[PDB]
Structure formats: structure tokens, C-alpha cells
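One structure is given below, encoded as C-alpha cells.
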Amino acid sequence: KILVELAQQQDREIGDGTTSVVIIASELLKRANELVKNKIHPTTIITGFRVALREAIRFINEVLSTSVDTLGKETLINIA
Amino acid sequence: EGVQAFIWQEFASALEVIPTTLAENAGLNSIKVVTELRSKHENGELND
Amino acid sequence: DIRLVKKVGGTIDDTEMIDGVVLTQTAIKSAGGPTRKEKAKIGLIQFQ
């Protein structure tokens, strides 16, 4: 039920993604199950995601392509 | 001494489960921590 | 005396202390917009 409530808060901040983006929350638990079933406690696994998510915003900023130097409405048309 | 001798030693060692529980969730050996503390409390001197 | 107000949306990092009284409810907002009012007195009406 927590994953269902994600679409409520996502539509407030973003406004879309229920047809596409919301799927990303599914597979996050797929590979997180195989790790907790052997040795490593979920704390080290989650803190490993915290240190990765902290730098993941900067990793996106490296591949980030700003919107500028485009002819006409091609940007707004492609986003549409 | 007296009858309270061994009783107070068990009550003093009853609090040893608090650092032992913290070592289980952190992936640390219980004796490895306790063996050091016996040396630490005679060396580390409290605040360590 | 410490008041806690809940608001849906945003992040916990943006949570900060407010310099004025915050209420959960508000006006019906049917056909008035008093809104931002400079130099206004805050009264309390118990009677209906």
C-alpha cells in the first residue's frame, strides 16, 4: 500500500509518470531481496544506497543536458 | 561478600546484553567487544 | 507549548520554524479573499 501512495505524492511534485515512471519503484525490491537472504544486514545495504543516491544526483548532473540553443519550439514540441 | 556477592555480580553483568545486542545488528562479535572492554575500561578510561 | 503542524508534500529538509501562528483549518473561501493584509490585528471570538 505504500507503493500505491507514491502516485499521489508524485503527481503533486511532478504531475506525470503513472503510465511510465512509477514502474521504477517495482524492481527496487527485486534485487534487494536476494541480498538480505544471506549475510549482509539491510542497514549496510540501505546505507550503501544512501551513499550511492547522494552521488547519483551528481552523476545525473554530469550526463545532464540543459535546454538551450534549440531552434524554435522543437524543445517544447519534443517534450509534448 | 555475603549472599549478595554473586547476586550483585549477575545484576552488574545483566547490562552486558545492551552492548551485545548492538553488536548483533552491526555484525560484530560479542566476545571480541567484551574482551576489549575489560582492557579498555582499565585503559581507555571512561570517555573512550 | 510547542505546536506541530502537518503539511502534505515537500521534504523534511525544508521543515523550519515559523515566526507566526499556523492553523490546520482555514476560511470557507466562498466569496472573500482577505488573504495578505498589512498591519492587521488578530482577534479571538469564542461566541458563535
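Just so we're on the same page: first chain in the C-alpha cells is A, next is B, and so on; residues restart at 1 for each chain, and ligands are numbered from 1 in the order they show up.
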
Exercise. Identify all residues of chain B in alpha helix (DSSP H) (DSSP on the backbone) and supply them as a ChimeraX atom specification.
Key: /B:4-14,17-25,30-40

Would you put the residues from that selection into a file with C-alpha atoms, as a PDB file, in the first residue's frame?
```pdb
ATOM      1  CA  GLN B   4      24.583 -10.636  47.764  1.00  0.00           C
ATOM      2  CA  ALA B   5      28.124 -11.179  46.410  1.00  0.00           C
ATOM      3  CA  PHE B   6      27.257 -13.411  43.451  1.00  0.00           C
ATOM      4  CA  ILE B   7      23.839 -11.741  43.139  1.00  0.00           C
ATOM      5  CA  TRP B   8      25.268  -8.260  42.550  1.00  0.00           C
ATOM      6  CA  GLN B   9      27.751  -9.718  40.055  1.00  0.00           C
ATOM      7  CA  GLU B  10      24.855 -11.084  37.989  1.00  0.00           C
ATOM      8  CA  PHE B  11      22.990  -7.769  38.191  1.00  0.00           C
ATOM      9  CA  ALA B  12      26.156  -5.966  37.086  1.00  0.00           C
ATOM     10  CA  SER B  13      26.550  -8.401  34.177  1.00  0.00           C
ATOM     11  CA  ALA B  14      22.842  -8.144  33.310  1.00  0.00           C
ATOM     12  CA  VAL B  17      23.247  -7.577  26.831  1.00  0.00           C
ATOM     13  CA  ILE B  18      22.840  -3.941  25.707  1.00  0.00           C
ATOM     14  CA  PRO B  19      26.286  -3.772  24.022  1.00  0.00           C
ATOM     15  CA  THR B  20      25.854  -7.386  22.892  1.00  0.00           C
ATOM     16  CA  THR B  21      22.580  -6.596  21.111  1.00  0.00           C
ATOM     17  CA  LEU B  22      24.188  -3.617  19.365  1.00  0.00           C
ATOM     18  CA  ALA B  23      26.977  -5.905  18.124  1.00  0.00           C
ATOM     19  CA  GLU B  24      24.498  -8.372  16.597  1.00  0.00           C
ATOM     20  CA  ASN B  25      22.794  -5.830  14.329  1.00  0.00           C
ATOM     21  CA  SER B  30      30.247 -10.350  21.241  1.00  0.00           C
ATOM     22  CA  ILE B  31      33.393 -11.677  22.935  1.00  0.00           C
ATOM     23  CA  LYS B  32      35.622  -9.558  20.683  1.00  0.00           C
ATOM     24  CA  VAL B  33      33.902  -6.462  22.085  1.00  0.00           C
ATOM     25  CA  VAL B  34      33.679  -7.672  25.693  1.00  0.00           C
ATOM     26  CA  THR B  35      37.298  -8.866  25.828  1.00  0.00           C
ATOM     27  CA  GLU B  36      38.474  -5.431  24.683  1.00  0.00           C
ATOM     28  CA  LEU B  37      36.234  -3.527  27.115  1.00  0.00           C
ATOM     29  CA  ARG B  38      37.801  -5.347  30.072  1.00  0.00           C
ATOM     30  CA  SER B  39      41.114  -3.968  28.804  1.00  0.00           C
ATOM     31  CA  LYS B  40      39.597  -0.659  27.651  1.00  0.00           C
TER      32      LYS B  40
END
```

Practice problem: Compute the chain A side of the contact with chain B at 9 Å, counting only C-alpha atoms, and hand it back as a PyMOL selection string. | Solution: chain A and resi 40-41+43-44

Exercise. Tell me the residues of chain C close to chain A, meaning within 9 Å using only C-alpha atoms, as a ChimeraX atom specification.
Key: /C:8-10

For the residues in that selection, give me N, CA, C and O atoms as a PDB file, in the first residue's frame.
```
ATOM      1  N   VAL C   8       1.153  18.139   3.642  1.00  0.00           N
ATOM      2  CA  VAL C   8       1.411  17.108   2.642  1.00  0.00           C
ATOM      3  C   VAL C   8       2.251  17.702   1.519  1.00  0.00           C
ATOM      4  O   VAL C   8       1.949  18.788   1.008  1.00  0.00           O
ATOM      5  N   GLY C   9       3.305  16.995   1.135  1.00  0.00           N
ATOM      6  CA  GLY C   9       4.190  17.439   0.082  1.00  0.00           C
ATOM      7  C   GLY C   9       5.491  18.010   0.625  1.00  0.00           C
ATOM      8  O   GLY C   9       5.592  18.430   1.780  1.00  0.00           O
ATOM      9  N   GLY C  10       6.506  18.019  -0.233  1.00  0.00           N
ATOM     10  CA  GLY C  10       7.800  18.548   0.138  1.00  0.00           C
ATOM     11  C   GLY C  10       8.696  17.509   0.786  1.00  0.00           C
ATOM     12  O   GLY C  10       8.439  16.302   0.760  1.00  0.00           O
TER      13      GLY C  10
END
```

Exercise. Record the distance separating atom CA of residue 25 of chain C and atom CA of residue 1 of chain C, expressed in Å with one decimal.
Key: 19.2 Å

Which residues are near segment 21-28 of chain A? Cut-off 8 Å, only C-alpha atoms, ignore same chain within fewer than 3 positions. Put them as a CSV table (one decimal) with C-alpha atoms, in the first residue's frame.
```
chain,number,residue,atom,x,y,z
A,3,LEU,CA,4.0,1.9,-3.2
A,6,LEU,CA,3.7,7.1,-4.3
A,7,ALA,CA,1.5,8.1,-7.2
A,16,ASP,CA,3.1,12.5,-14.6
A,17,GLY,CA,4.8,9.2,-14.6
A,18,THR,CA,1.9,6.9,-13.5
A,31,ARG,CA,17.3,-7.4,-6.2
A,32,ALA,CA,17.1,-6.1,-2.6
```
